[PDB]
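Asks: I am attaching a structure below and will ask some questions about it afterwards.
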Amino acid sequence: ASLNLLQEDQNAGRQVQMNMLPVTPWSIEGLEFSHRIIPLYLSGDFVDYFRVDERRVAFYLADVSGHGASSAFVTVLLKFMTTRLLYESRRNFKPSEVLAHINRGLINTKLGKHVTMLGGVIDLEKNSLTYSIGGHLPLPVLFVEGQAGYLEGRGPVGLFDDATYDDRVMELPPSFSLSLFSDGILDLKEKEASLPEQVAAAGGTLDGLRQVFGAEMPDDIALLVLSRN
Amino acid sequence: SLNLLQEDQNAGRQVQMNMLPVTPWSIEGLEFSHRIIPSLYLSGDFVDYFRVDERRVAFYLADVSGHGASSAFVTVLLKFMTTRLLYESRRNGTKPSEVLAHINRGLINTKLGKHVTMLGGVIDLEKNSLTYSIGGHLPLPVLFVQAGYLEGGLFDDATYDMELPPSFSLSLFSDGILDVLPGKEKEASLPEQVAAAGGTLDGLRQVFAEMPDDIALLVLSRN
Ligand SMILES: [Mg+2]
């Protein structure tokens, strides 16, 4: 079947991204990392979290412009740049500077695609969380004791040559649950921004609640939940 | 259903159409021309060639494992690494094998089951010297003057490793070969033969399907 072969070609691209993303649930030093990406097979949403010298933990949720194959190639680039930077530190950092490097790579006529991502670096020893948002995507929702709210911040998404990126630091309670979301919200533009903050609270902050969803979605949907308690 | 996926597949095709240089493009007497014929829209075969301080020129022909979307992702990766390294290098410069190694380190460990097969070459315009470095088992480049092969990476190993005539025409080829003939070893001694008796230019490559494997060829000519 003609459709058969191209669908085989598409699932070869989906199968290839599954290996690229880390495993879940993955817990270290009390922090549990869990992600759920729901792709037309090839997604523009990609989440990645890696260990750094057992002292610093980094993670991000990125969504490339639109969806499908076109944007699926950019997620490949991001995973390369990130892991590469670590090795680039040599055998022998404000995240802002990372989103900047991510930015420079995109600008050089690289498919003319821009990615919106939320970057977060956590110091395990001093319970410090330094997050840097570069996109206009729905802010992160951290959860404490039955209540949740947005960690607000402004900006460029990496399509301008001048960074102008600003990142903020925040300390972590003994029991916390940060949640990162993609463009999809259905799971009034701004009356829909208040839903996630209230819905995430009232609902089980664990990924277990997020898994319950499994007719495709207009835009790719992907979430990352970091919790410790 | 199918029409939607077709429109998504065509998007990945148009993005790679601009990703590759224009043809034919000639500099200092050297004419670079390539012809990539995808089987399923998205191809694993990618060719690229760029200027380097107008003294040295780099070119390569890559074939990622298999074909389609899955392998199409790696080509974008190769395209980035190369143009980025030149921005990294700056003044000092410093070997096609050394770059074949930078590409090597990036792919392994960050990727599973998608190794690259490449024919690397850097030519010094000033002294008429071409430095070739092959890392894949793909069909050797076919020299043109009578033709002939040139003597010559998923593993952690890094074992990756000439004067040129006044008139010459080197040609790189993919793993795919259609000879419309009845005749592996005999099909490897034929390219050198068919390439000679046939017009060395892309002109002939332009005239002449689908799978099993994607087909792409790079032709560097000088006369
Ligand atoms: Mg999107």
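So you can find residues: chains in the structure tokens are A, B, ... in the order shown, residues in each start at 1, and ligands are numbered from 1 in order.
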Compute the set of protein, DNA and RNA residues whose minimum atom distance to ligand 1 is at most 9 Å, using only C-alpha atoms and all ligand atoms, and state it as a list in words.
Replies: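 So, counting only C-alpha atoms and all ligand atoms, the residues near ligand 1 are residues 43, 44, 45, 63, 64, 65, 66, 67, 71, 115, 116, 182, 183, 184, 218, 219, 220 and 221 of chain A.
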Asks: Apply DSSP to the structure's backbone, then extract all residues of range 11-97 of chain B labelled strand (DSSP E or B) and return them as a ChimeraX atom specification.
Replies: /B:25-27,30-37,45-52,56-64
Asks: Considering only C-alpha atoms, give me a table of residues in chain A that are at most 7 Å from chain B, with the closest atom pair and distance in Å for each, as JSON lines.
Replies:
```
{"residue": "A:3", "atom": "CA", "partner": "B:2", "partner_atom": "CA", "distance": 5.9}
{"residue": "A:9", "atom": "CA", "partner": "B:68", "partner_atom": "CA", "distance": 5.4}
{"residue": "A:10", "atom": "CA", "partner": "B:69", "partner_atom": "CA", "distance": 6.1}
{"residue": "A:12", "atom": "CA", "partner": "B:70", "partner_atom": "CA", "distance": 5.0}
{"residue": "A:13", "atom": "CA", "partner": "B:70", "partner_atom": "CA", "distance": 4.0}
{"residue": "A:16", "atom": "CA", "partner": "B:70", "partner_atom": "CA", "distance": 6.0}
{"residue": "A:19", "atom": "CA", "partner": "B:112", "partner_atom": "CA", "distance": 6.9}
{"residue": "A:20", "atom": "CA", "partner": "B:111", "partner_atom": "CA", "distance": 6.6}
{"residue": "A:68", "atom": "CA", "partner": "B:8", "partner_atom": "CA", "distance": 6.3}
{"residue": "A:69", "atom": "CA", "partner": "B:12", "partner_atom": "CA", "distance": 5.8}
{"residue": "A:70", "atom": "CA", "partner": "B:12", "partner_atom": "CA", "distance": 4.9}
{"residue": "A:73", "atom": "CA", "partner": "B:73", "partner_atom": "CA", "distance": 5.4}
{"residue": "A:76", "atom": "CA", "partner": "B:73", "partner_atom": "CA", "distance": 6.7}
{"residue": "A:77", "atom": "CA", "partner": "B:77", "partner_atom": "CA", "distance": 6.2}
{"residue": "A:111", "atom": "CA", "partner": "B:15", "partner_atom": "CA", "distance": 6.3}
```
Asks: Please return as a list in words: the residues of range 91-220 of chain A that backbone DSSP assigns to alpha helix (DSSP H).
Replies: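 Selection result, alpha helix (DSSP H) within range 91-220 of chain A: residues 96, 97, 98, 99, 100, 101, 102, 103, 104, 105, 106, 107, 194, 195, 196, 197, 198, 199, 200, 201, 202, 207, 208, 209, 210 and 211 of chain A.
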Asks: Near range 127-141 of chain B, within 7 Å and counting only C-alpha atoms, which residues show up once chain neighbours fewer than 6 positions away are dropped, as an MDAnalysis selection string?
Replies: chainID B and resid 96:97 117:121 149:150 152:153 160:164 170:175
Asks: Restricted to N, CA and C atoms, what would the selected residues look like written as an mmCIF file, in the first residue's frame?
Replies:
```cif
data_model
loop_
_atom_site.group_PDB
_atom_site.id
_atom_site.type_symbol
_atom_site.label_atom_id
_atom_site.label_comp_id
_atom_site.auth_asym_id
_atom_site.auth_seq_id
_atom_site.Cartn_x
_atom_site.Cartn_y
_atom_site.Cartn_z
ATOM 1 N N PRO B 96 40.746 16.435 7.178
ATOM 2 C CA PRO B 96 39.434 15.823 6.947
ATOM 3 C C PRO B 96 39.165 14.684 7.923
ATOM 4 N N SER B 97 40.226 14.029 8.380
ATOM 5 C CA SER B 97 40.096 12.935 9.335
ATOM 6 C C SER B 97 39.749 13.467 10.719
ATOM 7 N N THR B 117 27.800 7.290 6.658
ATOM 8 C CA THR B 117 28.782 6.844 5.673
ATOM 9 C C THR B 117 29.181 8.023 4.792
ATOM 10 N N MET B 118 30.449 8.424 4.844
ATOM 11 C CA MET B 118 30.867 9.662 4.183
ATOM 12 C C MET B 118 32.137 9.568 3.335
ATOM 13 N N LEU B 119 32.220 10.448 2.339
ATOM 14 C CA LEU B 119 33.430 10.640 1.548
ATOM 15 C C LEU B 119 33.892 12.083 1.711
ATOM 16 N N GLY B 120 34.887 12.302 2.562
ATOM 17 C CA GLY B 120 35.370 13.646 2.828
ATOM 18 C C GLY B 120 36.518 14.058 1.930
ATOM 19 N N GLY B 121 36.567 15.340 1.584
ATOM 20 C CA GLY B 121 37.637 15.860 0.754
ATOM 21 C C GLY B 121 37.853 17.353 0.915
ATOM 22 N N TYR B 149 39.476 4.056 -8.942
ATOM 23 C CA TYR B 149 39.189 4.287 -7.532
ATOM 24 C C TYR B 149 40.356 4.992 -6.854
ATOM 25 N N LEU B 150 40.084 5.636 -5.725
ATOM 26 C CA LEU B 150 41.152 6.150 -4.877
ATOM 27 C C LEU B 150 41.367 5.197 -3.706
ATOM 28 N N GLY B 152 41.755 3.633 -0.280
ATOM 29 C CA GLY B 152 41.214 4.011 1.012
ATOM 30 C C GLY B 152 40.196 2.999 1.499
ATOM 31 N N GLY B 153 31.188 5.519 10.774
ATOM 32 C CA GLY B 153 31.912 5.198 11.990
ATOM 33 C C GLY B 153 31.032 5.234 13.224
ATOM 34 N N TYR B 160 39.858 7.006 11.641
ATOM 35 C CA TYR B 160 39.614 7.709 10.386
ATOM 36 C C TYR B 160 40.906 8.298 9.830
ATOM 37 N N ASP B 161 41.098 8.157 8.522
ATOM 38 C CA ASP B 161 42.241 8.755 7.843
ATOM 39 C C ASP B 161 41.777 9.608 6.669
ATOM 40 N N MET B 162 46.485 14.901 -2.110
ATOM 41 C CA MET B 162 47.061 14.296 -3.304
ATOM 42 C C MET B 162 47.143 15.272 -4.471
ATOM 43 N N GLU B 163 48.141 15.067 -5.323
ATOM 44 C CA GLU B 163 48.331 15.888 -6.508
ATOM 45 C C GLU B 163 47.233 15.634 -7.532
ATOM 46 N N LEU B 164 46.803 16.692 -8.209
ATOM 47 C CA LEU B 164 45.716 16.569 -9.169
ATOM 48 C C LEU B 164 46.109 17.126 -10.536
ATOM 49 N N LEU B 170 36.506 14.390 -10.442
ATOM 50 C CA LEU B 170 36.226 13.390 -9.416
ATOM 51 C C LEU B 170 34.728 13.302 -9.126
ATOM 52 N N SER B 171 34.241 12.089 -8.878
ATOM 53 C CA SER B 171 32.813 11.871 -8.666
ATOM 54 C C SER B 171 32.527 10.937 -7.494
ATOM 55 N N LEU B 172 31.697 11.408 -6.570
ATOM 56 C CA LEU B 172 31.295 10.623 -5.411
ATOM 57 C C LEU B 172 29.922 10.015 -5.663
ATOM 58 N N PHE B 173 29.698 8.808 -5.153
ATOM 59 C CA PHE B 173 28.417 8.136 -5.356
ATOM 60 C C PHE B 173 27.858 7.505 -4.081
ATOM 61 N N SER B 174 26.551 7.263 -4.078
ATOM 62 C CA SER B 174 25.872 6.655 -2.938
ATOM 63 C C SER B 174 26.000 5.136 -2.973
ATOM 64 N N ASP B 175 25.309 4.465 -2.057
ATOM 65 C CA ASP B 175 25.336 3.009 -1.995
ATOM 66 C C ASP B 175 24.439 2.368 -3.052
#
```
Asks: Do you have the CA of residue 123 in chain B-CA of residue 56 in chain B distance handy?
Replies: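 CA of residue 123 in chain B sits 5.6 Å away from CA of residue 56 in chain B.
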